[PDB]
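Note sheet for the following structure.
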Amino acid sequence: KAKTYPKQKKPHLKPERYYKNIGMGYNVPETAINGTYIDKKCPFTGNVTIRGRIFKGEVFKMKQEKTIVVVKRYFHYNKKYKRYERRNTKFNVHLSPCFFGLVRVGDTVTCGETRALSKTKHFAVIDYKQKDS
Amino acid sequence: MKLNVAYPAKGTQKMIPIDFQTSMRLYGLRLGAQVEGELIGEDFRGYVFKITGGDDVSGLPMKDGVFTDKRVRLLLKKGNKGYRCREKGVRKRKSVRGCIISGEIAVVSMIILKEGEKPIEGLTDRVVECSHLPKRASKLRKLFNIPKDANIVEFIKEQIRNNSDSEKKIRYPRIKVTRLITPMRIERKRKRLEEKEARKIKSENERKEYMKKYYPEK
Amino acid sequence: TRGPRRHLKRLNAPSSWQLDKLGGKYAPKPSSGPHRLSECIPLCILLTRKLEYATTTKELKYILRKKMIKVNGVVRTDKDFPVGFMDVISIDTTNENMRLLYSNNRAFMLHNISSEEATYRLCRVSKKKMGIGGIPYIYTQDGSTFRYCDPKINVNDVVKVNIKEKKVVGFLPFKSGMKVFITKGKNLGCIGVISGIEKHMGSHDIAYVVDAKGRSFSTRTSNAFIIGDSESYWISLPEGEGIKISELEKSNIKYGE
Amino acid sequence: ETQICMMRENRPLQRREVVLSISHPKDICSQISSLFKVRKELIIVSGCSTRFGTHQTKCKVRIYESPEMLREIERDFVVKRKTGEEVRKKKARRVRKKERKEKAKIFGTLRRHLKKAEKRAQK
RNA sequence: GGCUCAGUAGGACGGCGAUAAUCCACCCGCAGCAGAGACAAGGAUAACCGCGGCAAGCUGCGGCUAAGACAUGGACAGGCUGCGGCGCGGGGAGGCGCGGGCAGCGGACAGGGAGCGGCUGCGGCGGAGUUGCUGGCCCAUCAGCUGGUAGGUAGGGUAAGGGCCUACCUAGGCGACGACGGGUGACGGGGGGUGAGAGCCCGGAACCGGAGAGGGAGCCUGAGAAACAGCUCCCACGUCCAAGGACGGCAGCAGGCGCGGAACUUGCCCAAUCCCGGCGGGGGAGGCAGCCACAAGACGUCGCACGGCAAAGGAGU
Ligand SMILES: [Mg+2]
Ligand SMILES: [Mg+2]
Ligand SMILES: [Mg+2]
Ligand SMILES: [Mg+2]
Ligand SMILES: [Mg+2]
């Protein structure tokens with residue numbers, strides 16, 4: 001199961017579960033408020049903060065449970081040819097368990113710059129929009 | 001091999017050039033060992049030495065506590081015996097010798113612990129003076145039995161003219177005194193004490209004025 | 001390289017100091033005192049390039065040795081002391097009191113002020129923080145700090161502090177309609193009234209300013225120094241009064257309209 | 001014919017800094033002293049600056065109030081121009097380097113170092 | 001600071017950020033600094049006085065003696081850690097600041113008759129470490145690459161987030177939108193050249209950033225170095241020795257040799273520009289002059305006095 005007893009932060013100020021508002025005009029998901037998961041890397045019920053760039057990308061890979069690969073496709077303009085280039089970069093983004101099942105491959109996901117969560121993880125999923133919507 | 005011998009209580013010191021057959025009697029001994037002068041010669045009967053240091057025919061020191069007789073290369077910090085550290089935190093690897101005496105040693109440093117029967121004219125007859133009288137006042141008042149009230153640098157110059165034998169020219173020694181209660185010391189403490197309480201009431205005044213002006217009910 | 005930079009090149013010097021290219025290789029590196037390096041000038045520039053009391057460093061050393069210079073009521077016998085915006089340089093010899101302030105040419109200028117205007121200065125607050133034991137002491141942008149101020153004083157406000165007294169005697173808030181001075185930017189050294197404040201959650205509040213002439217510009221609120229409310233100016237204004245006349249207006253005065 | 005371009009008073013340095021344009025179509029400080037109530041010693045001219053064609057030399061000269069503030073404030077070479085003090089010898093730059101660089105390697109006092117040196121030289 | 005551009009194809013640089021993940025010297029502004037016998041502070045050591053060793057470099061023995069050195073004395077606070085925990089302020093976002101709690105630690109003036117100087121904390125300033133996004137050469141006769149690799153949990157470690165490391169566990173991660181590998185006689189940039197322009201080419205070279213000090217690696221001291229006109233060792237070159245040992249790192253300034261097509265005086269000086277030092281000092285940074293048709297610009301076809309200069313010389317009469 002778990003190596004340590006699962007424990008959250010003491011909630012300063014559902015008053016038995018710790019959850020914070022990340023700011024920047026965003027909302028806490030109700031799966032994060034009414035949830036039992038103890039992910040410390042989660043932006044809402046965990047020990048990370050959102051500061052810096054917030055971009056919106058598309059989910060490329062949902063493999064490897066807590067991380068996801070988010071591709072941000074952009075255009076770069078070659079001044080000599082006066083045409084654009086389709087470019088992209090893939091980001092290893094932390095997917096909190098409050099978005100489990102909600103986020104699937106193809107959804108447009110807004111990611112916010114956290115700490116250096118892993119070796120290649122500096123972003124966390126703070127919200128999402130379904131592809132069908 | 002010479003023998004650098006000093007007397008601590010007399011402050012006298014001279015080199016004793018012992019012969020070669022004496023030197024082989026001193027081999028295998030180390031620093032801190034106490035040798036009887038009968039080992040050295042008949043002219044030192046009844047003396048007690050203590051081997052303090054030594055040197056080399058290559059000029060090295062003899063480091064205390066190495067327990068070899070060979071030349072060893074050792075890495076020394078500041079304050080380590082055998083290295084005069086000049087710049088701050090600079091460690092060097094110096095060559096020293098281990099404490100065991102051998103044939104390589106040019107001179108052996110030792111001190112007289114116990115005076116023997118026959119005197120040594122450079123070493124026993126003479127008395128060489130302590131080079132410096134103390135600067136600290138507590139160390140000076142015990143040394144001369146100075147009155148606690150009296151001026152210290154005045155009281156010694158009283159004593160020099162008392163025990164002078166019709167000397168027309170008397171140069172005085174270097175007399176500076178440190179660590180003494182002086183009016184500059186007492187003035188600084190009382191000023192610092194009265195300012196400490198003056199700060200406390202002034203800070204407490206500005207807290208009351210802040211609590212009067214901007215929080216007038218409470 | 002890496003570490004505390006002891007030297008400063010002449011080309012790398014701030015252009016507000018108005019140092020020439022061919023003066024030398026080095027410029028006087030300021031000491032690390034009250035103002036930031038981007039918003040300060042040393043004393044040794046003012047006493048040779050502005051006031052011209054000393055032409056030589058030997059003369060300049062003598063002036064600071066005999067302690068005639070005094071800035072913000074403290075003697076400050078340092079060659080490279082960073083004097084910044086709103087600070088008052090008061091010399092008892094010559095009885096000259098000046099307040100350091102910007103010009104329309106985007107340079108530091110020493111503006112001669114009265115002996116009574118030299119008794120105070122204005123300081124923009126940086127932050128507001130409760131100290132140990134509950135002392136609510138605020139901190140100004142020039143590194144000064146004062147305790148037990150008005151609780152209404154929050155960030156970006158300017159306070160009128162006495163010089164000869166360490167207290168803060170006057171408070172000026174950061175709202176719309178206040179006379180502002182633009183400390184850094186393209187509009188450096190412009191005086192105007194704040195029209196609108198745009199907040200921009202996350203970073204960089206933007207202030208919209210129209211001047212006395214009517215020219216409108218936008219700046220960051222961190223580059224906004226309040227110098228008066230709607231009725232009054234709290235300081236004297238320098239020569240030119242912060243109008244920043246346009247290049248065509250400079251053209252039209254030479255040749256007619 | 002001498003004329004003063006601008007007259008400025010340096011009250012902190014106890015002097016008057018004045019700029020004069022002297023003209024000679026087809027020794028200097030003497031007639032400048034015969035303009036103001038000052039001795040010849042109180043007259044220090046910084047530099048003579050002339051345009052190419054005209055005979056209109058510009059002088060920037062200083063008017064001190066005492067000989068002691070003059071030799072204190074002004075640089076040491078200009079008092080060598082007036083009077084030739086040479087109060088500090090300062091032997092030569094190449095001599096002072098070698099004189100200091102020998103003193104740096106000497107630990108302790110010089111007398112302990114020179115005694116140990118010649119004692120080894122005697123042997 | 002100065003020099004240099006080997007390495008570096010992103011550990012760089014530039015632009016925009018982040019540090020709510022961090023540390024700190026000078027300096028500036030604030031608060032403060034233990035009543036302890038206190039009209040008071042303990043043992044040392046260098047200098048020095050002698051005696052020496054040793055070719056030299058360097059070093060020993062003895063004797064005394066200082067402090068703003070090193071201690072003792074003495075805890076109101078800050079601080080650290082665990083647990084508890086309401087609020088009041090700030091911030092986009094919080095136990096971030098502060099007040100209120102219980103414990104376990106721990107911890108700021110015994111200085112001076114030329115101005116003061118110490119130490120603790122908060123806030124700057126001055127720095128610094130990490131870091132996100134993004135842009136920038138060539139080769140596909142380089143097409144698949146990856147094993148600490150990608151992630152999770154937990155601990156360690158760090159000033160500090162992190163596979164940074166370890167333990168266990170997932171099977172990931174990147175790629176024709178060019179990964180990976182290679183090449184570069186590649187430091188990047190501000191910029192420069194050239195063209196009407198689109199472009200092409202260059203950027204060693206003033207300023208900024210990086211990196212290096214013969215090749216390396218390791219470290220001490222310190223706020224800051226993995227420092228090199230610091231140390232320790234190895235390697236490659238080189239030097240001195242009395243043969244036991246001792247040293248050298250001019251990609252600092254001149255100068256020499258070598259290399260080549262290819263690049264100056266072993267000059268003078270802190271006067272200017274500035275820096276270190278709490279001032280008198282030091283500065284081959286730097287300036288001045290000399291050398292060179294290397295370049296830009298202007299103009300033709302010999303000696304006093306003056307003038308300036310740190311000094312000299314030149315400009316100018
Ligand atoms: Mg000794
Ligand atoms: Mg001793
Ligand atoms: Mg290269
Ligand atoms: Mg370059
Ligand atoms: Mg550089």
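Residue numbering restarts at 1 for every chain of the structure tokens, chains are lettered A, B, ... in their displayed order, and ligands are numbered from 1 as they appear.
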
Q.
Please identify the alpha helix (DSSP H) residues within stretch 15-211 of chain B (assignment by DSSP from backbone atoms) and present them as JSON, numbers by chain.
A. {"B": [20, 21, 22, 23, 37, 38, 39, 40, 137, 138, 139, 140, 141, 142, 143, 144, 152, 153, 154, 155, 156, 157, 158, 159, 160, 161, 162, 183, 184, 185, 186, 187, 188, 189, 190, 191, 192, 193, 194, 195, 196, 197, 198, 199, 200, 201, 202, 203, 204, 205, 206, 207, 208, 209, 210, 211]}

Q: Write out as a ChimeraX atom specification each polymer residue (protein, DNA or RNA) that has an atom no more than 10 Å from ligand 2, with only C-alpha atoms (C1' of nucleotides) and all ligand atoms counted.
A: /E:45,61-64

Q: Compute the set of chain D residues within 7 Å of chain E, using only C-alpha atoms (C1' of nucleotides), and express it as a PyMOL selection string.
A: chain D and resi 50+52+77

Can you write just those residues out, N, CA and C atoms, as a compact mmCIF listing (two decimals), in the first residue's frame?
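Output saved as again_18.txt:
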# COMPACT_ATOMS: atom_id res chain seq x y z
N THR D 50 43.95 77.80 -26.42
CA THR D 50 43.94 78.78 -27.49
C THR D 50 43.31 78.16 -28.74
N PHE D 52 43.01 78.16 -32.99
CA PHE D 52 44.10 78.05 -33.96
C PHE D 52 44.46 79.40 -34.56
N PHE D 77 52.21 68.80 -8.06
CA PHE D 77 53.08 69.26 -9.13
C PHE D 77 52.90 70.74 -9.43

Q. Hey, what's within 8 Å of residue A:120 if we count only C-alpha atoms (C1' of nucleotides) and toss same-chain stuff fewer than 2 positions away? As a PyMOL selection string, please?
A. chain A and resi 91-92+116-118+122

Given the selection you just returned, output its residues as a file containing N, CA, C and O atoms, formatted as a PDB file, in the first residue's frame.
ATOM      1  N   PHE A  91       5.609  18.284 -22.675  1.00  0.00           N
ATOM      2  CA  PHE A  91       5.883  18.544 -21.272  1.00  0.00           C
ATOM      3  C   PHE A  91       5.409  17.377 -20.433  1.00  0.00           C
ATOM      4  O   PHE A  91       4.278  16.923 -20.582  1.00  0.00           O
ATOM      5  N   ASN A  92       6.254  16.921 -19.522  1.00  0.00           N
ATOM      6  CA  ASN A  92       5.829  15.984 -18.491  1.00  0.00           C
ATOM      7  C   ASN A  92       5.088  16.789 -17.438  1.00  0.00           C
ATOM      8  O   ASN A  92       5.699  17.566 -16.702  1.00  0.00           O
ATOM      9  N   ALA A 116      10.226  22.293  -9.424  1.00  0.00           N
ATOM     10  CA  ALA A 116      10.744  21.184 -10.203  1.00  0.00           C
ATOM     11  C   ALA A 116      10.327  19.861  -9.592  1.00  0.00           C
ATOM     12  O   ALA A 116      11.129  19.231  -8.913  1.00  0.00           O
ATOM     13  N   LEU A 117       9.045  19.509  -9.707  1.00  0.00           N
ATOM     14  CA  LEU A 117       8.370  18.319  -9.134  1.00  0.00           C
ATOM     15  C   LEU A 117       9.191  17.055  -9.385  1.00  0.00           C
ATOM     16  O   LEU A 117       9.478  16.320  -8.434  1.00  0.00           O
ATOM     17  N   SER A 118       9.538  16.739 -10.619  1.00  0.00           N
ATOM     18  CA  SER A 118      10.459  15.658 -10.910  1.00  0.00           C
ATOM     19  C   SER A 118      11.657  16.208 -11.665  1.00  0.00           C
ATOM     20  O   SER A 118      11.915  17.413 -11.673  1.00  0.00           O
ATOM     21  N   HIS A 122       7.843  20.240 -14.329  1.00  0.00           N
ATOM     22  CA  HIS A 122       7.739  21.570 -13.768  1.00  0.00           C
ATOM     23  C   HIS A 122       6.344  22.141 -13.897  1.00  0.00           C
ATOM     24  O   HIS A 122       6.143  23.320 -13.597  1.00  0.00           O
TER      25      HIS A 122
END

Q: Report as a PyMOL selection string the set of chain B residues whose atoms approach chain D to within 12 Å, with distances computed over only C-alpha atoms.
A: chain B and resi 84-86

Okay, now the selection with N, CA, C and O atoms, as a JSON list (two decimals), in the first residue's frame?
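The new file part21.json reads:
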[["chain", "number", "residue", "atom", "x", "y", "z"],
["B", 84, "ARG", "N", 55.55, 27.23, 9.75],
["B", 84, "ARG", "CA", 55.21, 28.60, 10.10],
["B", 84, "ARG", "C", 54.24, 29.10, 9.04],
["B", 84, "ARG", "O", 54.64, 29.61, 7.99],
["B", 85, "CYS", "N", 52.95, 28.95, 9.32],
["B", 85, "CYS", "CA", 51.90, 29.28, 8.35],
["B", 85, "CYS", "C", 51.79, 30.78, 8.19],
["B", 85, "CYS", "O", 51.60, 31.52, 9.16],
["B", 86, "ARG", "N", 51.90, 31.25, 6.95],
["B", 86, "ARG", "CA", 51.87, 32.68, 6.70],
["B", 86, "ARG", "C", 50.49, 33.18, 6.30],
["B", 86, "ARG", "O", 49.97, 34.11, 6.92]]
